[PDB]
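Structure file final-v9.cif (mmCIF, C-alpha atoms) is printed below.
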data_model
loop_
_atom_site.label_atom_id
_atom_site.label_comp_id
_atom_site.auth_asym_id
_atom_site.auth_seq_id
_atom_site.Cartn_x
_atom_site.Cartn_y
_atom_site.Cartn_z
CA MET A 1 94.83 112.99 89.42
CA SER A 2 95.50 112.87 93.21
CA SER A 3 94.26 109.71 95.06
CA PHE A 4 96.73 106.83 94.26
CA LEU A 5 100.01 108.87 94.62
CA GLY A 6 103.01 106.76 95.87
CA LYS A 7 105.41 103.89 95.03
CA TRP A 8 103.63 100.63 94.06
CA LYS A 9 105.15 97.05 93.97
CA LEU A 10 103.35 93.99 92.44
CA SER A 11 101.33 91.72 94.81
CA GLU A 12 100.08 89.11 92.20
CA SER A 13 101.44 88.31 88.67
CA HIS A 14 98.15 86.61 87.52
CA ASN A 15 99.00 86.29 83.77
CA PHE A 16 101.67 89.14 83.58
CA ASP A 17 103.94 86.96 81.39
CA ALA A 18 101.80 85.61 78.42
CA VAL A 19 100.45 89.24 78.01
CA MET A 20 104.11 90.19 77.26
CA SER A 21 104.62 87.18 74.82
CA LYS A 22 101.30 88.09 72.99
CA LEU A 23 102.77 91.61 72.47
CA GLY A 24 106.15 89.92 71.48
CA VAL A 25 108.71 90.23 74.33
CA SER A 26 112.39 89.08 74.61
CA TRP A 27 113.59 86.03 76.74
CA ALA A 28 115.10 88.28 79.50
CA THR A 29 112.38 91.04 79.97
CA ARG A 30 109.44 88.50 79.75
CA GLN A 31 110.40 87.04 83.24
CA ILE A 32 111.26 90.21 85.39
CA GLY A 33 107.46 90.83 84.95
CA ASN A 34 106.77 87.59 86.97
CA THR A 35 110.00 87.81 89.18
CA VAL A 36 111.16 91.35 90.31
CA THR A 37 107.96 93.17 91.40
CA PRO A 38 107.67 96.42 89.14
CA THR A 39 108.10 99.70 91.11
CA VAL A 40 105.41 101.71 89.14
CA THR A 41 105.80 104.92 91.13
CA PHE A 42 103.00 107.45 90.43
CA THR A 43 104.03 110.88 91.81
CA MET A 44 103.18 114.64 91.23
CA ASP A 45 106.31 116.52 89.90
CA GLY A 46 105.10 120.11 90.70
CA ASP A 47 101.82 120.09 88.70
CA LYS A 48 101.88 116.99 86.30
CA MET A 49 102.50 113.32 87.23
CA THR A 50 105.66 111.10 86.90
CA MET A 51 105.97 107.28 86.78
CA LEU A 52 109.34 106.58 88.57
CA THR A 53 109.44 102.93 87.26
CA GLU A 54 112.32 101.17 89.10
CA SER A 55 112.59 97.48 87.98
CA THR A 56 115.78 95.28 87.37
CA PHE A 57 115.45 95.54 83.49
CA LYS A 58 113.30 98.78 83.26
CA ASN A 59 114.81 101.34 85.74
CA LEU A 60 113.40 104.57 84.12
CA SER A 61 111.49 107.83 84.99
CA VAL A 62 108.79 109.34 82.66
CA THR A 63 106.67 112.57 83.19
CA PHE A 64 103.12 113.15 81.80
CA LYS A 65 99.67 114.85 82.05
CA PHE A 66 96.17 113.27 81.80
CA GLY A 67 96.12 113.53 77.96
CA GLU A 68 99.53 113.29 76.19
CA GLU A 69 100.89 109.79 75.21
CA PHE A 70 104.15 109.39 77.26
CA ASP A 71 106.98 107.08 75.89
CA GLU A 72 109.19 104.63 77.86
CA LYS A 73 112.34 103.14 76.14
CA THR A 74 112.34 99.44 77.13
CA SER A 75 115.15 96.82 77.73
CA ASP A 76 113.91 94.87 74.62
CA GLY A 77 114.77 98.04 72.51
CA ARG A 78 111.22 99.52 72.04
CA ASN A 79 110.02 103.18 72.68
CA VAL A 80 106.38 102.44 73.78
CA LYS A 81 103.75 105.22 74.21
CA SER A 82 100.95 105.44 76.90
CA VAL A 83 97.69 107.45 76.22
CA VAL A 84 96.43 108.78 79.59
CA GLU A 85 93.04 109.90 80.89
CA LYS A 86 91.60 109.95 84.44
CA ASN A 87 87.83 109.00 84.56
CA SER A 88 87.93 110.06 88.19
CA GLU A 89 90.08 109.05 91.22
CA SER A 90 89.96 105.23 91.14
CA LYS A 91 89.73 104.57 87.28
CA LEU A 92 92.51 105.87 84.87
CA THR A 93 92.92 104.36 81.31
CA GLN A 94 96.73 104.70 80.70
CA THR A 95 96.73 102.68 77.45
CA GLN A 96 100.15 101.39 76.25
CA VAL A 97 100.72 102.18 72.48
CA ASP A 98 103.41 99.59 71.59
CA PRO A 99 104.69 98.17 68.11
CA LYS A 100 101.87 95.56 68.66
CA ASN A 101 99.40 97.98 70.58
CA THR A 102 98.29 96.98 74.18
CA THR A 103 94.44 97.05 74.73
CA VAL A 104 92.92 99.46 77.41
CA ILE A 105 94.81 98.78 80.73
CA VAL A 106 92.35 100.58 83.14
CA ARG A 107 94.16 101.53 86.43
CA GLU A 108 91.54 100.96 89.25
CA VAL A 109 92.68 101.28 92.99
CA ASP A 110 90.84 98.79 95.31
CA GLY A 111 91.70 100.59 98.67
CA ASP A 112 95.55 100.99 98.54
CA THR A 113 95.90 98.01 96.04
CA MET A 114 96.38 99.44 92.48
CA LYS A 115 94.50 96.98 90.17
CA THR A 116 95.42 97.61 86.46
CA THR A 117 93.86 94.96 84.17
CA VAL A 118 96.34 94.53 81.19
CA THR A 119 94.52 92.93 78.19
CA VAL A 120 95.79 92.70 74.51
CA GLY A 121 92.73 91.75 72.39
CA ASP A 122 92.20 88.58 74.49
CA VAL A 123 94.50 88.08 77.60
CA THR A 124 93.38 90.14 80.74
CA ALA A 125 96.29 90.09 83.33
CA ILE A 126 94.96 91.53 86.66
CA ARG A 127 98.03 93.57 87.87
CA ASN A 128 97.57 94.22 91.64
CA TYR A 129 100.27 96.43 93.38
CA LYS A 130 100.49 97.46 97.15
CA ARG A 131 101.06 101.11 98.35
CA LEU A 132 104.50 101.77 99.94
CA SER A 133 105.05 104.80 102.25
#
Please go through the file and, once you have read it, give me the structure as structure tokens.
Amino acid sequence: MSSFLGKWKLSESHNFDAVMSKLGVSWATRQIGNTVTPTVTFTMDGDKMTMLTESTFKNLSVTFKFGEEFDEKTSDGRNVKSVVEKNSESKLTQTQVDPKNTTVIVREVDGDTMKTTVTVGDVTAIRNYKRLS
């Protein structure tokens, strides 16, 4: 993975709100999704990659390879895993393994606009984030 390296803040919250309630999310974290644009900051720490996720409720850093399922401890009170693989350098299936299980979230960059389609059986929230230098 080296293509979409940077800090990334949300351009459109298309249904990034009912996707959280379908998983089962608290009435405090369910609205920073569609309010304070998540800083999903994908960066190489030496050799393997680190999400420096800096939001108002989830301000947290987590390091990972393309393979091992990395866990984030959330402001609901939930340690949620994320099974990673790069297809190549604009399609990466970083699939969130929660106490409900999120369905394949497919991180596809559309020319410096990181488009990760979050579905959960039947939702599909097109998460589009702009590259910040």
Please determine, counting only C-alpha atoms, which residue among A:3, A:21, A:11, A:55 has the shortest atom-to-atom distance to residue A:113.
A:11
Calculate how many Å separate atom CA of residue A:5 from atom CA of residue A:44, rounding to one decimal.
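Atom CA of residue A:44 lies 7.4 Å from atom CA of residue A:5.
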Once the PyMOL selection byres ((chain A and resi 1) around 7) has been applied to the shown file, what residues remain in the selection, as a list in words?
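Applying the expression gives residues 2, 3, 86 and 89 of chain A.
Atom to atom, atom CA of residue A:35 and atom CA of residue A:107 stand 21.1 Å apart.
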Which polymer residues have any atom within 10 Å of an atom of residue A:131, counting all atoms listed in the file, with same-chain residues fewer than 5 positions away left out, as a ChimeraX atom specification?
/A:4-10,41,109,111-114
d(atom CA of residue A:56, atom CA of residue A:36) in Å:
6.7 Å
If you count only C-alpha atoms, which residues fall within 10 Å of residue A:92, apart from same-chain ones fewer than 2 positions away, as a PyMOL selection string?
chain A and resi 1+66+84-90+94-95+104-109+116
Would you mind exporting C-alpha atoms of the selected residues as an mmCIF file, keeping the file's coordinate frame?
data_model
loop_
_atom_site.group_PDB
_atom_site.id
_atom_site.type_symbol
_atom_site.label_atom_id
_atom_site.label_comp_id
_atom_site.auth_asym_id
_atom_site.auth_seq_id
_atom_site.Cartn_x
_atom_site.Cartn_y
_atom_site.Cartn_z
ATOM 1 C CA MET A 1 94.830 112.990 89.420
ATOM 2 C CA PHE A 66 96.170 113.270 81.800
ATOM 3 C CA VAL A 84 96.430 108.780 79.590
ATOM 4 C CA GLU A 85 93.040 109.900 80.890
ATOM 5 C CA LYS A 86 91.600 109.950 84.440
ATOM 6 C CA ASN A 87 87.830 109.000 84.560
ATOM 7 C CA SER A 88 87.930 110.060 88.190
ATOM 8 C CA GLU A 89 90.080 109.050 91.220
ATOM 9 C CA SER A 90 89.960 105.230 91.140
ATOM 10 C CA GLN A 94 96.730 104.700 80.700
ATOM 11 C CA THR A 95 96.730 102.680 77.450
ATOM 12 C CA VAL A 104 92.920 99.460 77.410
ATOM 13 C CA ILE A 105 94.810 98.780 80.730
ATOM 14 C CA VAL A 106 92.350 100.580 83.140
ATOM 15 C CA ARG A 107 94.160 101.530 86.430
ATOM 16 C CA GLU A 108 91.540 100.960 89.250
ATOM 17 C CA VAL A 109 92.680 101.280 92.990
ATOM 18 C CA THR A 116 95.420 97.610 86.460
#
How big is the axis-aligned box, and where does its centre sit, when it encloses all atoms of stretch 109-114 of chain A listed in the file and has 4 Å added on every side, reported in Å to one decimal as lines of an AutoDock Vina configuration file?
center_x = 93.6
center_y = 99.6
center_z = 95.6
size_x = 13.5
size_y = 11.3
size_z = 14.2
Taking the file as I've supplied it (selection: the PyMOL selection byres ((chain A and resi 121-125) around 9)), which residues are included? Please answer as a ChimeraX atom specification.
/A:13-19,22,102-103,105,116-120,126-127
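Counting only C-alpha atoms, the residue from A:54, A:12, A:25, A:63 that sits nearest to residue A:100 is A:25.
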Counting only C-alpha atoms, the option among A:62, A:57, A:23, A:30 closest to residue A:42:
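Using only C-alpha atoms, the shortest distance to residue A:42 belongs to A:62.
Applied to the file shown here, the PyMOL selection byres ((chain A and resi 72) around 10) selects the residues residues 51, 53, 58, 60, 61, 62, 63, 70, 71, 73, 74, 75, 78, 79, 80, 81, 82, 96 and 98 of chain A.
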Could you name the residues that touch residue A:48 at 7 Å or less, counting all atoms listed in the file, but leaving out those on the same chain fewer than 2 positions away, as a list in words?
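These residues fall inside the cut-off: residues 44, 45, 46, 64 and 65 of chain A.
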